[PDB]
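>>> As they sit in the full assembly, here are the leading chains:
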Amino acid sequence: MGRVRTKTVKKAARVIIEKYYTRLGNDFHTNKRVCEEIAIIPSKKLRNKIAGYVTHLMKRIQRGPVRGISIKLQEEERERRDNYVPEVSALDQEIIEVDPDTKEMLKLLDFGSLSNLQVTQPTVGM
Amino acid sequence: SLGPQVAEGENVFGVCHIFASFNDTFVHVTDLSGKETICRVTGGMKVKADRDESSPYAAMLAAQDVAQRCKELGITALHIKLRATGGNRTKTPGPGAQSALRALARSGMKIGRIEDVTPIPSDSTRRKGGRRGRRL
Amino acid sequence: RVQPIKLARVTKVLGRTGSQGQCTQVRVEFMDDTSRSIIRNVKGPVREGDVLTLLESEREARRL
Amino acid sequence: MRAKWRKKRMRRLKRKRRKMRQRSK
């Protein structure tokens, strides 16, 4: 048997999805026609294997993103999550409080407010 | 082969002494004191080729031959004292050890407290073999 | 020196041991007390689930 | 060994020769 697609079958199927993503549905016999229209595959046997990897990749891409294919419609949802996140309109705030040996680090840099104190358990970690 | 005058609930105890060298294995069995002895079977009685005298099958053939004889008298439960060769030697039990021990739990007896006993020296004499060892 | 036959059912196939890889390691039940279990070495082509026949259930073979 | 045994053979021949010489005189 074998059935380990060669790198010339796993590179067509990767370019095709990038260029034509909105045609390539999820069944095999329609993809076998779209692929025959868009590119020039000089054989029937090769055309079918390319169109058969396209379907695998399509089923996988209807989940999370795959690391060889950069499609337009799935960039923008990452671009969003980098532009901002649903969590906060405030900063994670300046109103935060700390403990000793830093009050004296500031006493030589001149701060005077919004802090706390607790002298830690009296020997190094255990 | 009479025994004690009680047989109903309690268990008349005994002691095994499984000696399990390479080359051969003995299943003894004695009374609770150790002094007086009962049937003793050794792997080389059960098989007829020297190379087999220590093997799991020769040991399983001996454990039963001792269990049937003990059950014939009074002894229902057994204590176990497991022996390797010891004395500046292998001090790890041979191939019959595990095999004879399971073969009398299965053939009727009841196992008591099991212990390891093998002579271990506090720096013994010089071991046979030569300074360059027994090379193969 | 007299033991009845026992019938075991194969529950799992482990690997193909032996020097030419001829015999097969297998784990069996016992069909009267399904609690028991041993590892045996068979000679033909075992599948899974079929009833072997043991002439001495006490052994337990451990290699080739 | 071959250095060890060369040394040993030379030693035994030297013993034989010394014995012959000093027994001659």
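Arrived safely, thanks for sending. Numbering: from 1, shown residues only, chains lettered A, B, ... in the order given.
>>> how close does the one residue in chain D that gets nearest to chain C sit to residue D:7?
Nearest to chain C in chain D, going by CB to the nearest CB, is residue D:1, at a distance of 40.9 Å. Every C-beta, even on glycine, is put in place using the N, C-alpha and C of the backbone. According to CB to CB, to the nearest Å, residue D:1 stands 9 Å off from residue D:7.
>>> go on, residue B:50?
From residue B:50 across to residue D:7, the span is 47 Å (CB to CB).
>>> now residue A:101
76 Å.
>>> Work out which residue lies at the spatial centre of chain B.
The centre of chain B sits closest to residue B:18, judged by CA atoms, centre = their mean, with a distance of 1.5 Å.
>>> OK, contacts around that residue?
Residues in contact with residue B:18 (CB atoms under 8 Å, 6 or more residues apart in numbering or on different chains) are B:25-28, B:80-83, B:96-97, B:100-101.
>>> mind listing which of these are in strands?
Among these, the members falling in strands (DSSP state E) are B:25-27, B:80-83.
>>> what would these look like in TSV with distance to residue D:24 and neighbour count?
Listed next are the ones in strands among the contacts of residue B:18 as TSV, based on distance: CB to CB, whole Å; neighbours: other CB atoms under 10 Å in any protein chain shown:
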residue	distance to residue D:24	neighbour count
B:25	70	29
B:26	71	22
B:27	76	26
B:80	79	22
B:81	75	18
B:82	74	19
B:83	69	22
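>>> next up, chain E:
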Amino acid sequence: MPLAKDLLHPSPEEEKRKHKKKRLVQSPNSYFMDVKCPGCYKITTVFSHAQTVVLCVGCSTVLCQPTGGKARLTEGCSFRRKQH
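One more chain to add, chain E, which I have set with the ones above:
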């Protein structure tokens, strides 16, 4: 070590961590102190690393003890460093 440390003016707190022979001028780690026992009252002055059993010139059977290093006092009160 920064490749530019200046040696003519060491740290007033590092100059005291190095061995007594290895600092710019040698200087002992010992000192003198005025012990003052309870009871009989005299101001006998003792070396630190004493290595002798000293006595108070009066009502004491002992006043300090020898050890591997600094002497350990029994009950000596003041023991001020004498600072000359």
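>>> out of everything not next to it in sequence, what's closest to the residue nearest to the centre of chain B?
residue B:82 (5.1 Å; CB to CB, 6 or more residues apart in numbering or on different chains).
>>> rewinding a little: distance-wise, check the residue nearest to the centre of chain B relative to chain C.
Relative to chain C, residue B:18 is positioned 17 Å away (CB to the nearest CB, to the nearest Å).
>>> again with residue B:101
When residue B:101 is compared with chain C (using CB to the nearest CB), they lie 13 Å apart.
>>> so that residue makes contact with residue B:81?
No - counting by CB atoms under 8 Å, residue B:101 sits too far from residue B:81 to count as a contact (11.3 Å).
>>> Residue B:104 belongs to a helix?
Yes - Residue B:104: assigned to a helix according to DSSP: H, G, I helix; E, B strand; the rest coil.
>>> Kindly tell me how buried it is, as a neighbour count.
24 (other CB atoms under 10 Å in any protein chain shown).
>>> Sticking with residue 11, tell me its helix or strand.
Picked chain A for this. Per DSSP states H and E, residue A:11 falls inside helix A:9-19.
>>> And that helix, what does it pack against?
Helix A:9-19 sits against helix A:28-38, helix A:44-61, with contacts defined as 3 or more CB pairs under 8 Å, 6 or more residues apart in numbering or on different chains; DSSP states H and E.
>>> could you also fit chain F onto it:
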Amino acid sequence: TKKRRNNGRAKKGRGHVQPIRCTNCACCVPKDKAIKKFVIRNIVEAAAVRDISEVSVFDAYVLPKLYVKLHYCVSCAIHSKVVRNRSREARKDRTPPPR
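Let me add chain F to what's already shown:
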């Protein structure tokens, strides 16, 4: 050429160490150059433990362990696959193999 920084031995700051006999070869190797192995195993086998725990006279019995300390000559320790020859730079790992 030199093959090990420590000569394949533990001795540093010492003249002599008392020898010790191999456990199968009966050879005679230094106590720091021999290959040691502690072995802790049940007196019963793991196949048998469910049968022996079934015909005890007592209700709770945890079976005894067998403590043995073994020493191997190098030839016998290599013939019994206790250790294997390693790559040249992969020779300088001291941590014992992962369990």
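>>> once more on the neighbour count of residue B:104, with chain F this time?
Neighbour number of residue B:104 under other CB under 10 Å is 25.
>>> How about the contacts made by the residue nearest to residue F:21 when sequence neighbours are not counted?
Excluding the flanking residues, the one nearest residue F:21 by CB to CB, 6+ apart is residue B:127, at 5.3 Å. Residue B:127 is in contact with B:88-89, F:21, F:26, counting by CB under 8 Å, 6+ apart.
>>> Just say helix, strand or coil for residue B:127.
coil.
>>> Could you report the distance from it to chain C?
Separation of residue B:127 from chain C (CB to the nearest CB): 30 Å.
>>> Could you find the residue nearest the spatial middle of the chain?
In the absence of a named chain, chain A is used. What sits nearest the mean C-alpha location of chain A, by CA atoms, centre = their mean, is residue A:65, with 5.7 Å.
>>> oops, chain F please
Taking CA atoms, centre = their mean, chain F has its central residue at residue F:37, 1.7 Å away.
>>> roughly how far apart are that residue and residue F:6?
Distance from residue F:37 to residue F:6, by CB to CB: 20 Å.
>>> how far does the helix holding residue A:11 sit from the chain's center?
19 Å (CA atoms, centre = their mean, to the nearest Å).
>>> Setting aside sequence neighbours, what's the nearest residue to residue C:9?
residue C:29 (4.9 Å).
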